[PDB]
Amino acid sequence: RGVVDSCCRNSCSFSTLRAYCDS
Amino acid sequence: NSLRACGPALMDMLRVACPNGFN
């Protein structure tokens with residue numbers, strides 16, 4: 001996942017986590 | 001000002017952070 005790369009393999013801001021949500 | 005989460009914790013976070021999921 002993009003989100004795993006961003007928030008697990010690295011730390012991320014809350015807004016970054018939110019950007020990985022579906023809309 | 002960061003978060004870091006892997007595995008089920010990351011899935012749980014996306015589940016509450018995303019109003020209509022992350023399919």
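Every chain is numbered from 1, with letters handed out A, B, ... down the list of sequences. In what follows, every heavy atom counts, from backbone to side chain, and hydrogens, waters and symmetry copies are set aside.
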### Task
Indicate the atoms forming the closest heavy-atom contact of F22(B) with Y20(A), along with that distance.
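That closest heavy-atom pairing would be CB-O, 4.4 Å.
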### Query
Which atoms form the tightest heavy-atom contact between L14(B) and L17(A), and what is the distance?
CD2-CD1, 3.8 Å
### Side-chain donor/acceptor of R9(A) to backbone N/O of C6(B), under 3.5 Å
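Pair absent, no side-chain N/O of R9(A) close to backbone of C6(B).
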### Query
Can any side-chain N or O of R4(B) pair as donor or acceptor with the backbone N or O of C12(A) at less than 3.5 Å?
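No.
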### Query
Is any side-chain heavy atom of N20(B) closer than 4.5 Å to a side-chain heavy atom of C21(A)?
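They are not in side-chain contact.
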Any chance you could measure [X], atom [atom1], to [Y], atom [atom2], to the nearest 0.5 Å?
{"X": "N10(A)", "Y": "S2(B)", "atom1": "CG", "atom2": "OG", "result": "10.5 Å"}
{"X": "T16(A)", "Y": "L3(B)", "atom1": "OG1", "atom2": "CG", "result": "8.5 Å"}
{"X": "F14(A)", "Y": "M13(B)", "atom1": "CZ", "atom2": "CE", "result": "8.0 Å"}

